[PDB]
Every structure is written in C-alpha cells, then in structure tokens.
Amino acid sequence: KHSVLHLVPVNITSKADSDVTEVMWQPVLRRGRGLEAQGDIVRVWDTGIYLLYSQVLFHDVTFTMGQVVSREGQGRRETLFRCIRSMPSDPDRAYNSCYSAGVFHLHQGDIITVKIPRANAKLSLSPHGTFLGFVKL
C-alpha cells in the first residue's frame, strides 16, 4: 500500500544575506517509512515514483512570488517544479495561493526542499494555507 505524507508549517526561516525563504515542516498525516520530515527538509528513504504537491500562500505586493520545489542528492540537484504568482499592487487585494504538483522518480538519500526565491517572504503558516505532500505510486 502507498506510503504517504502531508506536512504543514511549524516555522519560517530566511538567513541574513541571502534571497531565499524556506519552510520548516511537521507531519500531520503519515503512512509508511519511505519519507521523513527533518526540519526545513524532507528526506527520501525509498527510491520510487512519487506524487509531489506543494502549496504556499503569499501576501507580498512585490511583482511575482512563487516557490521552487527541488531534490538534492549525490552532490547534485534537480529543480522538480516551480509555481509563479503575480501579486497585485494594492496591499488589501494582495493575497494569492500558488499550487503546483507533479510525479517524480525520487531516490533514497534525496533531500526535498521548498524555497521561496525572496528574502523574508510574507507567507502563511496556516495548515490549510501552505502545505507539502507525498504519495508513493
């Protein structure tokens, strides 16, 4: 039966002197042991084809927000998918969720990350606003 995982934000992080914001995740649903949450990053234990889905909810007025979902493994990297949202100029209208997902061969030893390509991006910690999840197929 399918290993699965659904994750929600515990905390947000964006180290000084870089233009990236990451999310620290915590599991709310779990089946199997082929994946594991580890602070800001999710480790893959079982090689295999996974459905990977990510939503982040933004409020910045700056041009164009979104996320980059990636895998990293054996000194390597591969951007799996991005989600791009244009935000409007008026701060009260400036709310958008950005959902993207896809099916990827993920390898044992891979760290999966979700990065917002801006420093200190204003994004929701709400469990039903920003999330990340896995289904082994």
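So that the term is clear: the rigid core is the largest set of C-alpha atoms that superpose within 1.5 Å between two forms. Sequential numbering from 1, following the sequence displayed.
Choosing between 49-57 and 75-83, the greater Cα displacement from the shown form in 5 other deposited structures of this protein, fitted by the core, goes with 75-83. Superposing the other copies on the rigid core and comparing 59-67 to 23-31, farther C-alpha placement in 5 other deposited structures of this protein marks 59-67. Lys15 is a gap in at least a third of the other entries compared, counting only those with both neighbours built. In at least a third of the other compared PDB entries of this protein that cover both flanking sides, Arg93 is left without coordinates. Higher average CA B factor: 72-80, of the stretches 107-115 and 72-80. For the pair 6-14 and 124-132, the mean B factor over Cα atoms is greater in 6-14. In this structure the maximum Cα B-factor among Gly34, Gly48, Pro27, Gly66 is found at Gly34.
Sort the modelled residues of the chain by CA B factor and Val61 lands in the middle third. When the CA B factors of the chain's modelled residues are split into thirds, the value for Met87 lands in the middle one. The PDB entry assigns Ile41 a C-alpha temperature factor belonging to the highest third of its chain's modelled residues.
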